[PDB]
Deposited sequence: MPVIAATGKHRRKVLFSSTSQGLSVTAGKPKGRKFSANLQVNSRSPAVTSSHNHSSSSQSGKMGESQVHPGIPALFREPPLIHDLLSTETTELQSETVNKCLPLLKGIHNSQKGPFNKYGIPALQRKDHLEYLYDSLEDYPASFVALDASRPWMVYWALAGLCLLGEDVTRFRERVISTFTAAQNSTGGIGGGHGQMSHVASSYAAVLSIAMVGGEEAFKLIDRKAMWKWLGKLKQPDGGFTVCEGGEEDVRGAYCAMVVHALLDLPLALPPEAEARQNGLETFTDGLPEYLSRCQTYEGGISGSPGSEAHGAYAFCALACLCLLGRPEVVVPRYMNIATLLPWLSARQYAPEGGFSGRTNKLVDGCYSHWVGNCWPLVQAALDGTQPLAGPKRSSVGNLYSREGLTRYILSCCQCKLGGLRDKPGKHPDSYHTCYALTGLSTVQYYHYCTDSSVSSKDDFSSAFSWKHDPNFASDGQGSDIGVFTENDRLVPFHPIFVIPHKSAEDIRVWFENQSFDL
């Protein structure tokens, strides 16, 4: 076993309860599957192994996996019908992360989403499916990544505004589609679409929510998100549900679309309970994050949990003028080991955990999390917007480290990915360009 691997990543935890339950059975199995991969001794693993004992990111294998993922699927994949916009997004995001120019997909993106847009506003899973905020989010982010005036022009902005206005609920949150569920993912996806398209802040004059005293898309929204915090400190999908990393990301990112992190986050969330719960998402020896208490690590939380960290850290540090920092309050080393040692599939693609087949969702979010650990992401007093703070995020590289330490970069520079915006989950330039283009278009009559 490679000398660059600390004991922390090569042994189960010291404390072990005598009582066996299903939870500990699954936890034990997961640890046992991860250990040979963490140690770099599994026959499935490809090198080179770096000085920390970690295999290279297999860039060519993942590129080919992601390009393949954008082509045709057989009949058996029918359950993905409503997720087709996500499939486009997850692939383009992973390709961007890996350093590809995705401009050549502009026309194919336009062709895909044109049929999925409804005349009454918004984008759904495809022709004849009702508009849904997650499809719309995936489509908008895909359009941002490919760029170009022709893709930007595809969206009917006025109809999108009218439709989104129908989803605004009396309690301040959003349903995901008309007649659909209300949860924090709905609020986050709606507000990202609203921000990137520079939609008017006011609700449409005839929005039903106006009958409940609400006037704008953000009226009652941070209060709603506050009501989704739980006694554990984390944030649930809807009030009273269980704290979960995916919803913590949605709520914190949504709050950061409303003002500066150091203003909004402490105002609406109890950071005293949020911080330790977020910290407790990470396990050893696996190194990765679980989504909720007493469940298992999963590489997709490299994004959902991982990208809560720059948001929370900005809430603590405050806006940086163009200065000391709390730094990283989780283990970048552990997360990197989990992703590179445990989540890479030998044939390409990344996975939830050992024993799982890869998929493009897990590939996108494991890579997104790997990128997070490679950058300082922080907010500034300099915005591209004429949501000001949300367009003020900037980045500096956090370079690959040498030696031992509590906050180190154990990826190689050969593993470096493109930085992603921690709120918009696309490259900063892509988010900037779309927002600025729309700011400069008059709202349609």
item	value
Missing residue ranges, deposited sequence indexing starting at 1	1 to 67, 390 to 393, 458 to 460
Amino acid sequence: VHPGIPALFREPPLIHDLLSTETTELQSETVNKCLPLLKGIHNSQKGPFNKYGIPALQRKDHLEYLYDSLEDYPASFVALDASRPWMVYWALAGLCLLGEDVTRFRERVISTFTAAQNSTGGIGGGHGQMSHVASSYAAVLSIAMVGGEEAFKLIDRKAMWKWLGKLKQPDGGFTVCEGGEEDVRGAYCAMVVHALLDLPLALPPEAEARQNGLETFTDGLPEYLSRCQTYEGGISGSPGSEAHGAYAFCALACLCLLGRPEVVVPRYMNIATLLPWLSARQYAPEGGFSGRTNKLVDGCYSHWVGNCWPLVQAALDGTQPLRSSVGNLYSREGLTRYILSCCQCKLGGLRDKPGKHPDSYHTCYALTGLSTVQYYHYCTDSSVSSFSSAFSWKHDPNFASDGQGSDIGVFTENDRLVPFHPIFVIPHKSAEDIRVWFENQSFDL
From here on, numbers count along this sequence of modelled residues.
query: Segment of higher mean CA temperature factor, 58 to 66 or 38 to 46; finding: 38 to 46
query: 291 to 299 or 211 to 219, whichever carries the higher mean Cα B-factor; finding: 211 to 219
query: Out of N398, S28, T412, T380, highest CA B-factor residue; finding: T380
query: Peak C-alpha temperature factor (PDB record), options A272, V265, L164, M191; finding: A272
query: Third assignment of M160 from its chain's C-alpha B-factors; finding: middle
query: Lowest, middle or highest third - CA B-factor, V425; finding: lowest
query: Relative C-alpha B-factor of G245, binned into the chain's lowest, middle or highest third; finding: lowest
query: B-factor third for the C-alpha atom of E286 within its chain; finding: lowest
query: Entry-reported Cα temperature factor of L225, expressed as the chain third it lands in; finding: lowest
